[PDB]
>>> print(open('query33.cif').read())   # mmCIF, C-alpha atoms and all ligand atoms
data_final
#
loop_
_atom_site.label_atom_id
_atom_site.label_comp_id
_atom_site.auth_asym_id
_atom_site.auth_seq_id
_atom_site.Cartn_x
_atom_site.Cartn_y
_atom_site.Cartn_z
CA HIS A 3 80.08 158.57 73.83
CA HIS A 4 81.69 156.54 76.68
CA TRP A 5 82.17 152.85 75.98
CA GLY A 6 79.93 150.22 77.46
CA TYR A 7 78.11 147.14 76.23
CA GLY A 8 75.05 148.72 74.60
CA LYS A 9 74.15 148.77 70.91
CA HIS A 10 75.58 152.25 70.49
CA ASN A 11 78.78 152.02 72.55
CA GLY A 12 79.43 148.29 72.53
CA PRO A 13 82.51 146.25 71.73
CA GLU A 14 82.03 146.81 67.98
CA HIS A 15 82.60 150.49 68.47
CA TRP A 16 85.61 150.44 70.82
CA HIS A 17 88.22 150.68 68.03
CA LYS A 18 87.17 154.31 67.31
CA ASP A 19 88.46 155.49 70.74
CA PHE A 20 90.99 152.61 71.37
CA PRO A 21 92.57 151.65 68.02
CA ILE A 22 94.45 148.85 69.79
CA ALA A 23 91.06 147.05 69.74
CA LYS A 24 92.17 145.61 66.35
CA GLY A 25 95.69 144.85 67.65
CA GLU A 26 97.61 141.59 67.21
CA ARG A 27 97.28 140.33 70.76
CA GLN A 28 93.67 141.00 71.71
CA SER A 29 91.54 139.03 74.18
CA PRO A 30 89.41 137.05 74.77
CA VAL A 31 89.86 134.23 72.21
CA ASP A 32 88.15 130.89 71.43
CA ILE A 33 90.31 128.02 72.89
CA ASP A 34 90.47 125.26 70.25
CA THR A 35 91.33 122.22 72.42
CA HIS A 36 92.60 120.07 69.60
CA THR A 37 95.03 122.81 68.42
CA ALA A 38 96.38 123.87 71.83
CA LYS A 39 99.93 122.47 72.24
CA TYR A 40 100.72 120.49 75.37
CA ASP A 41 103.98 122.09 76.69
CA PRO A 42 105.74 119.91 79.30
CA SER A 43 108.08 122.74 80.17
CA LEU A 44 105.21 124.67 81.78
CA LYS A 45 105.34 124.47 85.57
CA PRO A 46 102.35 124.06 87.87
CA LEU A 47 100.89 127.33 89.05
CA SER A 48 101.57 128.51 92.60
CA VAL A 49 98.68 130.41 94.17
CA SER A 50 99.43 131.84 97.65
CA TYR A 51 96.31 133.54 98.92
CA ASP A 52 96.44 132.57 102.61
CA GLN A 53 97.48 136.15 103.60
CA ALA A 54 94.98 137.85 101.28
CA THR A 55 93.44 141.10 102.56
CA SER A 56 90.25 142.18 100.83
CA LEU A 57 89.27 145.78 101.45
CA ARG A 58 86.29 146.87 99.40
CA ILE A 59 83.73 146.01 96.73
CA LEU A 60 82.83 148.66 94.11
CA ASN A 61 80.35 148.98 91.20
CA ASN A 62 82.46 150.86 88.57
CA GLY A 63 79.65 150.95 86.03
CA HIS A 64 80.91 147.98 83.98
CA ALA A 65 81.28 145.22 86.59
CA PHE A 66 81.90 144.97 90.34
CA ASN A 67 85.44 144.72 91.60
CA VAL A 68 86.51 143.21 94.97
CA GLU A 69 89.87 145.05 95.75
CA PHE A 70 92.79 143.75 97.79
CA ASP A 71 95.67 145.36 99.65
CA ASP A 72 98.58 145.04 97.15
CA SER A 73 101.12 147.12 99.18
CA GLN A 74 103.05 143.95 100.02
CA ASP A 75 103.36 140.37 98.82
CA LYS A 76 100.25 139.02 100.60
CA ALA A 77 98.25 137.27 97.79
CA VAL A 78 100.57 136.28 94.91
CA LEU A 79 100.65 134.12 91.83
CA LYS A 80 103.88 132.64 90.45
CA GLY A 81 105.00 129.59 88.51
CA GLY A 82 103.08 128.34 85.45
CA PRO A 83 104.42 130.34 82.49
CA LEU A 84 105.39 133.29 84.74
CA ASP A 85 108.76 134.69 85.71
CA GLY A 86 108.62 136.71 88.97
CA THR A 87 105.85 137.37 91.40
CA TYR A 88 102.51 138.88 90.63
CA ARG A 89 100.35 140.44 93.34
CA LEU A 90 96.57 140.16 93.41
CA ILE A 91 95.02 143.61 93.05
CA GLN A 92 91.31 142.81 92.31
CA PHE A 93 88.88 140.21 90.95
CA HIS A 94 85.65 140.80 88.95
CA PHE A 95 83.21 138.82 86.77
CA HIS A 96 81.68 138.98 83.27
CA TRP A 97 78.17 137.50 82.90
CA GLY A 98 75.17 137.16 80.72
CA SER A 99 71.49 137.91 80.52
CA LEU A 100 70.85 134.12 80.05
CA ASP A 101 72.67 131.05 81.28
CA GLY A 102 73.93 130.22 77.76
CA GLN A 103 76.21 133.21 77.51
CA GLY A 104 78.33 135.41 79.73
CA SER A 105 81.94 134.12 79.49
CA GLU A 106 84.54 136.01 77.41
CA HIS A 107 86.82 133.05 76.60
CA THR A 108 85.05 130.06 74.92
CA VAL A 109 86.18 126.41 74.75
CA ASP A 110 85.62 124.76 71.35
CA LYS A 111 83.11 127.59 70.93
CA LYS A 112 81.16 126.70 74.13
CA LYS A 113 80.19 129.77 76.16
CA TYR A 114 79.79 129.50 80.00
CA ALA A 115 77.31 131.49 82.15
CA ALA A 116 80.09 133.71 83.55
CA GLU A 117 83.83 134.21 83.82
CA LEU A 118 85.81 135.25 86.87
CA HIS A 119 89.06 137.25 86.35
CA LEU A 120 91.67 137.46 89.17
CA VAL A 121 93.98 140.31 88.18
CA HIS A 122 97.65 140.32 89.27
CA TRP A 123 100.53 142.74 88.50
CA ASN A 124 104.25 142.01 88.10
CA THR A 125 106.14 143.31 91.18
CA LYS A 127 109.24 144.22 89.20
CA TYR A 128 107.23 147.21 87.92
CA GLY A 129 106.46 148.70 91.36
CA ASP A 130 102.82 149.60 90.70
CA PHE A 131 99.77 148.56 88.67
CA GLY A 132 99.95 151.70 86.53
CA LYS A 133 103.53 150.90 85.42
CA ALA A 134 102.78 147.18 84.96
CA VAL A 135 99.99 147.75 82.33
CA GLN A 136 102.56 149.43 80.06
CA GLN A 137 104.67 146.22 79.82
CA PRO A 138 104.19 143.06 77.72
CA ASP A 139 104.63 140.89 80.82
CA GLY A 140 102.97 143.32 83.23
CA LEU A 141 99.84 141.40 84.24
CA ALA A 142 98.81 137.82 84.88
CA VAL A 143 95.07 137.14 84.87
CA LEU A 144 93.54 133.86 86.05
CA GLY A 145 90.27 133.21 84.13
CA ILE A 146 87.76 130.77 85.72
CA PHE A 147 84.52 129.70 84.05
CA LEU A 148 81.25 129.42 85.93
CA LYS A 149 78.53 126.98 84.91
CA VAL A 150 75.00 126.85 86.54
CA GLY A 151 74.53 123.79 88.77
CA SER A 152 75.02 123.64 92.56
CA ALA A 153 75.67 126.76 94.67
CA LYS A 154 79.24 127.76 95.45
CA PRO A 155 79.35 128.45 99.19
CA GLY A 156 82.45 130.66 98.94
CA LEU A 157 80.64 133.03 96.56
CA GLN A 158 77.67 133.77 98.91
CA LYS A 159 79.41 136.59 100.83
CA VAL A 160 79.81 138.37 97.49
CA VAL A 161 76.23 137.71 96.42
CA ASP A 162 74.88 139.11 99.65
CA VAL A 163 76.56 142.56 99.44
CA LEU A 164 75.41 143.30 95.87
CA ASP A 165 72.26 145.08 97.11
CA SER A 166 74.44 147.71 98.68
CA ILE A 167 76.43 148.58 95.47
CA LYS A 168 73.53 148.45 93.08
CA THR A 169 74.49 151.48 90.98
CA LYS A 170 77.62 152.93 89.49
CA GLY A 171 80.06 154.54 91.89
CA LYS A 172 78.73 152.82 95.03
CA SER A 173 81.23 150.98 97.20
CA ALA A 174 81.10 148.96 100.40
CA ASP A 175 83.68 147.78 102.94
CA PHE A 176 84.50 144.14 102.15
CA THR A 177 87.14 142.73 104.54
CA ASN A 178 88.06 139.20 105.41
CA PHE A 179 86.93 137.60 102.08
CA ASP A 180 89.07 134.59 101.10
CA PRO A 181 89.50 134.11 97.36
CA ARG A 182 90.52 130.49 97.90
CA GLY A 183 86.78 129.66 98.04
CA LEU A 184 86.58 130.56 94.30
CA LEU A 185 89.11 128.01 92.92
CA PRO A 186 88.17 124.74 91.23
CA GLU A 187 89.84 121.58 92.56
CA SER A 188 92.30 121.34 89.62
CA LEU A 189 94.76 124.00 88.46
CA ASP A 190 95.25 122.58 84.93
CA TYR A 191 95.27 125.44 82.45
CA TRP A 192 95.70 126.93 79.01
CA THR A 193 97.94 129.99 78.53
CA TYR A 194 98.50 132.61 75.85
CA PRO A 195 99.64 136.21 75.50
CA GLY A 196 96.74 138.70 75.27
CA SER A 197 95.23 141.91 76.61
CA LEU A 198 92.78 143.55 79.01
CA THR A 199 89.22 142.82 77.82
CA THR A 200 87.91 146.31 78.51
CA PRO A 201 89.34 149.65 77.32
CA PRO A 202 92.14 150.60 77.37
CA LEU A 203 92.65 147.09 75.90
CA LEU A 204 96.44 147.15 76.56
CA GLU A 205 98.37 144.11 75.43
CA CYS A 206 100.06 143.46 78.72
CA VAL A 207 98.50 140.19 79.87
CA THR A 208 99.63 136.64 80.25
CA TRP A 209 96.26 134.81 80.43
CA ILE A 210 95.99 131.69 82.56
CA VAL A 211 92.60 130.04 81.84
CA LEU A 212 91.65 127.10 84.07
CA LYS A 213 90.28 123.99 82.42
CA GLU A 214 87.81 123.19 85.22
CA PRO A 215 84.80 125.44 85.71
CA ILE A 216 83.28 126.13 89.12
CA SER A 217 79.52 125.73 89.61
CA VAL A 218 77.19 128.45 90.87
CA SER A 219 73.47 128.18 91.44
CA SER A 220 70.91 129.84 89.27
CA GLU A 221 69.89 132.11 92.17
CA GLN A 222 73.52 133.16 92.71
CA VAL A 223 73.89 134.34 89.08
CA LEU A 224 70.38 135.82 89.21
CA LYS A 225 71.69 138.28 91.85
CA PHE A 226 74.47 139.45 89.49
CA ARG A 227 71.87 140.41 86.91
CA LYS A 228 70.19 142.78 89.39
CA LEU A 229 73.05 145.24 89.32
CA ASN A 230 72.90 148.43 87.34
CA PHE A 231 75.22 150.01 84.72
CA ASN A 232 73.71 153.44 85.58
CA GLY A 233 74.31 155.76 88.51
CA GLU A 234 71.76 156.36 91.27
CA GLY A 235 68.72 158.35 90.16
CA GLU A 236 69.40 157.70 86.40
CA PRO A 237 67.15 155.47 84.31
CA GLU A 238 67.70 151.81 85.08
CA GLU A 239 69.82 149.67 82.77
CA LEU A 240 70.54 146.18 84.15
CA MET A 241 74.18 145.11 84.31
CA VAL A 242 74.07 142.03 81.98
CA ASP A 243 76.06 140.83 79.00
CA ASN A 244 79.21 142.81 80.06
CA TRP A 245 81.41 140.44 77.93
CA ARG A 246 83.57 141.07 74.89
CA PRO A 247 83.26 138.53 72.09
CA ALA A 248 86.18 136.30 70.96
CA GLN A 249 88.93 138.06 68.91
CA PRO A 250 91.19 136.64 66.16
CA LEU A 251 94.10 134.56 67.43
CA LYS A 252 96.41 135.93 64.73
CA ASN A 253 100.04 134.91 65.18
CA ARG A 254 99.49 133.23 68.59
CA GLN A 255 99.74 129.70 70.03
CA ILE A 256 97.67 128.50 72.97
CA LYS A 257 99.73 126.20 75.24
CA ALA A 258 98.17 123.60 77.62
CA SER A 259 99.70 122.56 80.96
CA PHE A 260 98.04 119.11 80.54
CA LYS A 261 97.32 116.50 77.91
ZN ZN B 301 87.64 140.88 83.12
#
>>> encode(input="query33.cif", output="structure tokens")
Amino acid sequence: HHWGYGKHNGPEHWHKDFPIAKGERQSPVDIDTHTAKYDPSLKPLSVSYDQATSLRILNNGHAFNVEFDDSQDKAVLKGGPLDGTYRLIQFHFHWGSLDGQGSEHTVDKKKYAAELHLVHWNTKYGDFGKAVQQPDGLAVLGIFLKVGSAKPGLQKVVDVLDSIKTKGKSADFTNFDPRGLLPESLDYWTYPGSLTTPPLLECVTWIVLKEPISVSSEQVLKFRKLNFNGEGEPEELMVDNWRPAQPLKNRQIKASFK
């Protein structure tokens, strides 16, 4: 029926409705650190989020998205392996039912408790909907979360989750600064891949940061309280909303560091 993360509609079944699921440039992947090529021609990333305007937080039934005003160049990513400017449209997370799983990308097969994705679209395409149809349409920053100390900048998000508990609920969410979600270092790995949920389009330049951020146990515990279902439907906790690692195929992972 419609895709999700259960036993009957889970990632193993997606190919039946989205044949691109078995494509040549599918994400996520395992990052083999000893095989990644250091590329000294990669520039440092440029993150300009000082003019970011968050607007709303929504439970879409598969994750929660915080959405930003992308009608102008307010929060952009450039540099790194990118050509052109990419505007932040939304961020969301992937997490697990236990601390030992939850991330989509893995490092030398190590899984993290969660993974943050900051989604940006290439301005040359005029809108998000046009950008997903292009090989260089999106740039996604992936950030791993490990359980340790609390991340102060994530608490505003944690606190509003009670109000978007079930699918379709949304809440006003203004004045949130995504700078509070970045690690100290911007060292990264990069490769060409896709969206990790249907429609699985192969339009993404992935930028995965080497340094994880820490969250407390209680912070991630609040994520696990969300629901996949709509209000008044039987309760299914929103956990394990992560796609397993896909074959690298003909692709090289490049590192911005050695
Ligand atoms: Zn994602």
>>> residues_around(input="query33.cif", residues="residue A:217", least_positions_apart="3", cutoff="9 Å", atoms="all atoms listed in the file", output="ChimeraX atom specification")
/A:147-154,186
>>> atom_distance(input="query33.cif", atom1="atom CA of residue A:172", atom2="atom CA of residue A:79")
29.0 Å
>>> residues_around(input="query33.cif", residues="residue A:187", least_positions_apart="3", cutoff="10 Å", atoms="only C-alpha atoms", output="list in words")
residues 184, 190, 214, 215 and 216 of chain A
>>> atom_distance(input="query33.cif", atom1="atom ZN of ligand ZN 301 (chain B)", atom2="atom CA of residue A:65")
8.4 Å
>>> residues_around(input="query33.cif", residues="stretch 85-101 of chain A", least_positions_apart="3", cutoff="6 Å", atoms="all atoms listed in the file", output="CSV table (one decimal) with C-alpha atoms, in the frame of the given file")
chain,number,residue,atom,x,y,z
A,66,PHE,CA,81.9,145.0,90.3
A,67,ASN,CA,85.4,144.7,91.6
A,68,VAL,CA,86.5,143.2,95.0
A,69,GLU,CA,89.9,145.0,95.8
A,70,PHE,CA,92.8,143.8,97.8
A,72,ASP,CA,98.6,145.0,97.2
A,77,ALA,CA,98.2,137.3,97.8
A,78,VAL,CA,100.6,136.3,94.9
A,79,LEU,CA,100.6,134.1,91.8
A,80,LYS,CA,103.9,132.6,90.4
A,104,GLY,CA,78.3,135.4,79.7
A,115,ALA,CA,77.3,131.5,82.2
A,116,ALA,CA,80.1,133.7,83.6
A,117,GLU,CA,83.8,134.2,83.8
A,118,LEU,CA,85.8,135.2,86.9
A,119,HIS,CA,89.1,137.2,86.4
A,120,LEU,CA,91.7,137.5,89.2
A,121,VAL,CA,94.0,140.3,88.2
A,122,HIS,CA,97.6,140.3,89.3
A,123,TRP,CA,100.5,142.7,88.5
A,124,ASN,CA,104.2,142.0,88.1
A,125,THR,CA,106.1,143.3,91.2
A,242,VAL,CA,74.1,142.0,82.0
A,243,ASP,CA,76.1,140.8,79.0
A,244,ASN,CA,79.2,142.8,80.1
A,245,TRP,CA,81.4,140.4,77.9
>>> closest_residue(input="query33.cif", among="A:258, A:33, A:142, A:223", to="residue A:81", atoms="only C-alpha atoms")
A:142
>>> closest_residue(input="query33.cif", among="A:161, A:23, A:207, A:143", to="residue A:195", atoms="only C-alpha atoms")
A:207
>>> closest_residue(input="query33.cif", among="A:83, A:203, A:134, A:230", to="residue A:165", atoms="only C-alpha atoms")
A:230
>>> closest_residue(input="query33.cif", among="A:198, A:22, A:84, A:135", to="ligand ZN 301 (chain B)", atoms="only C-alpha atoms and all ligand atoms")
A:198
>>> residues_around(input="query33.cif", residues="residue A:241", least_positions_apart="6", cutoff="7 Å", atoms="only C-alpha atoms", output="PyMOL selection string")
chain A and resi 227-231
>>> atom_distance(input="query33.cif", atom1="atom CA of residue A:212", atom2="atom CA of residue A:144")
7.3 Å
>>> closest_residue(input="query33.cif", among="A:136, A:166, A:193, A:11", to="residue A:205", atoms="only C-alpha atoms")
A:136
>>> residues_around(input="query33.cif", residues="stretch 16-19 of chain A", least_positions_apart="5", cutoff="10 Å", atoms="only C-alpha atoms", output="PyMOL selection string")
chain A and resi 3-7+11+24-25+200-203
>>> closest_residue(input="query33.cif", among="A:218, A:60, A:157, A:146", to="ligand ZN 301 (chain B)", atoms="only C-alpha atoms and all ligand atoms")
A:146
>>> decode(input="query33.cif", residues="stretch 187-206 of chain A", atoms="N, CA, C and O atoms", output="mmCIF file, in the first residue's frame")
data_model
loop_
_atom_site.group_PDB
_atom_site.id
_atom_site.type_symbol
_atom_site.label_atom_id
_atom_site.label_comp_id
_atom_site.auth_asym_id
_atom_site.auth_seq_id
_atom_site.Cartn_x
_atom_site.Cartn_y
_atom_site.Cartn_z
ATOM 1 N N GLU A 187 31.565 21.736 15.322
ATOM 2 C CA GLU A 187 32.621 22.750 15.242
ATOM 3 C C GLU A 187 33.350 22.784 13.910
ATOM 4 O O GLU A 187 33.680 23.831 13.323
ATOM 5 N N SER A 188 33.673 21.575 13.385
ATOM 6 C CA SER A 188 34.372 21.365 12.123
ATOM 7 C C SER A 188 33.414 21.116 10.953
ATOM 8 O O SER A 188 32.403 20.437 11.116
ATOM 9 N N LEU A 189 33.796 21.599 9.789
ATOM 10 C CA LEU A 189 33.070 21.403 8.541
ATOM 11 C C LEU A 189 33.779 20.443 7.562
ATOM 12 O O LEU A 189 33.429 20.442 6.354
ATOM 13 N N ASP A 190 34.708 19.624 8.062
ATOM 14 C CA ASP A 190 35.354 18.605 7.255
ATOM 15 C C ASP A 190 34.257 17.635 6.780
ATOM 16 O O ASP A 190 33.345 17.261 7.570
ATOM 17 N N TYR A 191 34.398 17.200 5.506
ATOM 18 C CA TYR A 191 33.340 16.310 5.016
ATOM 19 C C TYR A 191 33.801 15.299 3.948
ATOM 20 O O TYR A 191 34.880 15.377 3.427
ATOM 21 N N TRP A 192 32.877 14.388 3.687
ATOM 22 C CA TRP A 192 32.939 13.436 2.611
ATOM 23 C C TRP A 192 31.779 13.882 1.663
ATOM 24 O O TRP A 192 30.754 14.424 2.123
ATOM 25 N N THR A 193 31.987 13.621 0.408
ATOM 26 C CA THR A 193 31.029 13.937 -0.666
ATOM 27 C C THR A 193 30.958 12.880 -1.782
ATOM 28 O O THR A 193 31.941 12.262 -2.212
ATOM 29 N N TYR A 194 29.716 12.678 -2.229
ATOM 30 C CA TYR A 194 29.469 11.737 -3.323
ATOM 31 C C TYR A 194 28.117 12.096 -3.933
ATOM 32 O O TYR A 194 27.272 12.757 -3.259
ATOM 33 N N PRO A 195 27.885 11.609 -5.145
ATOM 34 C CA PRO A 195 26.662 11.817 -5.880
ATOM 35 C C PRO A 195 25.658 10.721 -5.494
ATOM 36 O O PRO A 195 26.028 9.548 -5.595
ATOM 37 N N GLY A 196 24.470 11.092 -5.113
ATOM 38 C CA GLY A 196 23.454 10.121 -4.659
ATOM 39 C C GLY A 196 22.057 10.600 -4.892
ATOM 40 O O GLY A 196 21.758 11.353 -5.833
ATOM 41 N N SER A 197 21.142 10.152 -4.057
ATOM 42 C CA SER A 197 19.706 10.430 -4.203
ATOM 43 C C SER A 197 18.981 10.823 -2.914
ATOM 44 O O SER A 197 19.599 10.820 -1.851
ATOM 45 N N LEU A 198 17.709 11.073 -3.073
ATOM 46 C CA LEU A 198 16.815 11.285 -1.893
ATOM 47 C C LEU A 198 16.751 9.886 -1.222
ATOM 48 O O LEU A 198 16.873 8.853 -1.980
ATOM 49 N N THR A 199 16.554 9.817 0.106
ATOM 50 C CA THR A 199 16.529 8.577 0.788
ATOM 51 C C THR A 199 15.123 8.068 1.066
ATOM 52 O O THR A 199 14.996 6.955 1.670
ATOM 53 N N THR A 200 14.143 8.839 0.638
ATOM 54 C CA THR A 200 12.748 8.403 0.695
ATOM 55 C C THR A 200 12.186 8.511 -0.750
ATOM 56 O O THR A 200 12.687 9.318 -1.567
ATOM 57 N N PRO A 201 11.114 7.757 -1.021
ATOM 58 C CA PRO A 201 10.477 7.885 -2.341
ATOM 59 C C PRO A 201 10.222 9.374 -2.535
ATOM 60 O O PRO A 201 9.870 10.067 -1.552
ATOM 61 N N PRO A 202 10.299 9.941 -3.729
ATOM 62 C CA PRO A 202 10.571 9.227 -4.980
ATOM 63 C C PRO A 202 11.991 8.812 -5.280
ATOM 64 O O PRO A 202 12.256 8.352 -6.426
ATOM 65 N N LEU A 203 12.909 8.813 -4.339
ATOM 66 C CA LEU A 203 14.274 8.344 -4.553
ATOM 67 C C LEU A 203 14.997 8.926 -5.742
ATOM 68 O O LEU A 203 15.924 8.252 -6.244
ATOM 69 N N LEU A 204 14.695 10.138 -6.214
ATOM 70 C CA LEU A 204 15.366 10.731 -7.371
ATOM 71 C C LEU A 204 16.855 10.944 -7.132
ATOM 72 O O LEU A 204 17.306 11.391 -6.082
ATOM 73 N N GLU A 205 17.612 10.701 -8.182
ATOM 74 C CA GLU A 205 19.065 10.794 -8.143
ATOM 75 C C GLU A 205 19.516 12.159 -8.499
ATOM 76 O O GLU A 205 20.146 12.400 -9.544
ATOM 77 N N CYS A 206 19.223 13.071 -7.617
ATOM 78 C CA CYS A 206 19.465 14.517 -7.862
ATOM 79 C C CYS A 206 20.282 15.187 -6.778
ATOM 80 O O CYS A 206 20.283 16.418 -6.752
#
